[PDB]
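The listed protein sequences derive, respectively, from chains L and B. Per the entry's author numbering, residue 635 is the first one in the first sequence, and the count goes up by one each step. Per the entry's author numbering, residue 323 is the first one in the second sequence, and the count goes up by one each step. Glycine residues also receive a C-beta, built at the ideal position from the N, C-alpha and C atoms. Data block below; observations after.
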Amino acid sequence: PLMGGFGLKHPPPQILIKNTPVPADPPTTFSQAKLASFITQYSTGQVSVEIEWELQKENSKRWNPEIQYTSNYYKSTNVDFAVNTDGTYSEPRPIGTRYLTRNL
Amino acid sequence: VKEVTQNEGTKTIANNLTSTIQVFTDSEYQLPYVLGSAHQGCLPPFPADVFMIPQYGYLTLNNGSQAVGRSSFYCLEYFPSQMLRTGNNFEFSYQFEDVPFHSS
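Pasting the structure below:
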């Protein structure tokens with residue numbers, strides 16, 4: 635994929651969900667038209683998704699130290715990747731996956 | 323293995339029977355692979371020639387003459403190697419991965 639990712643021919647199947655419509659009271663005399671009056675309704679719940687991953691361990695004889703992703707050592711008004719005073723979560727910067735090195 | 327010394331202008335060479343050499347093959351491909359750049363130093367075409375073994379070096383990421391943080395430094399003594407004296411010999415075998423016939 636050009637955005638980056640894992641191109642799949644059979645990707646994870648998309649999951650669709652809907653509230654089953656519940657009609658408001660129909661008239662007492664039959665009518666051909668479909669029922670246009672419904673009960674205002676919504677649902678809530680809990681969802682869980684668990685992905686197993688396969689890792690390729692880094693095996694390298696490089697002598698000197700790598701470059702690692704490290705949080706800022708210096709003080710700050712609030713922790714990065716954590717809530718602020720108002721409870722708003724925030725992610726301060728995009729984090730790529732390439733800090734290790736290999737030989738080309 | 324032969325030691326050579328200089329006394330004034332004369333030269334003299336002599337066996338050192340206790341001396342060793344170190345040989346390893348990099349079979350995990352963990353080093354800069356510098357073969358295939360068509361450098362000199364191959365075995366001579368003609369079986370009766372004696373050839374000098376070329377020096378190993380490698381290049382790494384730079385900016386100008388300076389080095390960047392991803393620059394790797396490799397210490398070749400940090401591998402297991404086999405130390406051979408004059409009575410010892412060395413061997414290894416290798417099996418090519420399937421490749422298309424060169425079409426001649």
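### Contact test: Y400 of chain B Cβ vs the ligand FMN heavy atom, cutoff 6 Å
Annotation note on the ligand FMN: not contained in the displayed structure, which lists no ligands.
#### Entry: Separation of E692 of chain L from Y378 of chain B, as counted between CA atoms
Here the alpha carbons of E692 of chain L and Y378 of chain B stand approximately 25 Å from one another.
### Task
Check each candidate in L:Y703, L:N718, L:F715 and L:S710 and name the one with the smallest Cα separation from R732 of chain L.
Comparing Cα positions, the closest option is L:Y703.
### Query
Name the chain B residues whose beta carbon is nearer than 8 Å to that of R696 of chain L?
Close partners of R696 of chain L in chain B (Cβ separation under 8 Å): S394, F395 and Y396.
### Minimum Cβ-Cβ distance from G391 of chain B to chain L less than 7 Å
Interface residue (Cβ-Cβ distance to chain L less than 7 Å): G391 of chain B is classified as such.
### Task
Inspect the CB distances between the region 360–377 of chain B and the region 679–687 of chain L and report whether three or more fall short of 8 Å.
No: fewer than three Cβ pairs fall under 8 Å.
### Message
Check this for me: beta carbons of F395 of chain B and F346 of chain B, under 7 Å apart or not?
### Response
Against a cut-off of 7 Å, the Cβ pair of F346 of chain B and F395 of chain B comes out as no contact.
### Query
Of all the residues that make up the region 697–730 of chain L, which are near chain B by a beta-carbon distance shorter than 9 Å?
Cβ contacts with chain B come from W697, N698, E700 and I701.
### Message
To the nearest angstrom, how far is the alpha carbon of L381 of chain B from that of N338 of chain B?
### Response
Take the alpha-carbon of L381 of chain B and the one of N338 of chain B: they are about 35 Å apart.
### Between the CA atoms of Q388 of chain B and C364 of chain B - distance to the nearest angstrom
Roughly 32 Å between the two C-alpha positions.
### Query
Does the pairing of the region 329–338 of chain B with the region 717–733 of chain L give three or more beta-carbon distances under 8 Å?
At 8 Å Cβ cutoff, the stretches do not touch.
### Message
I'd like to confirm the pairing. Which residues does DSSP put opposite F672 of chain L in its beta bridges?
### Response
L:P657.
### Task
Indicate whether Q344 of chain B and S403 of chain B have their beta-carbon atoms separated by less than 7 Å.
For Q344 of chain B and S403 of chain B, yes; Cβs fall inside 7 Å.
### Query
Mind checking whether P655 of chain L and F672 of chain L have CB atoms under 7 Å apart?
Less than 7 Å separates the beta-carbon of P655 of chain L from that of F672 of chain L.
### Message
Please tell me whether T735 of chain L has its Cβ less than 7 Å away from any Cβ of chain B.
### Response
Yes - at least one Cβ of chain B is within 7 Å of the one on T735 of chain L.
### Candidates L:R696, L:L669, L:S710 and L:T711, of which the one nearest residue 438 of chain B by Cα
Residue coverage of chain B in this structure runs from 323 to 426, which leaves residue 438 of chain B outside it and unanswerable.
### Message
Tell me the residue span of the beta strand (DSSP E) that contains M405 of chain B.
### Response
In the DSSP assignment, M405 of chain B falls within the unbroken beta strand (DSSP E) covering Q404 to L406.
### Query
Is there at least one Cβ from chain L nearer than 7 Å to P354 of chain B's Cβ?
Yes, contact with chain L.
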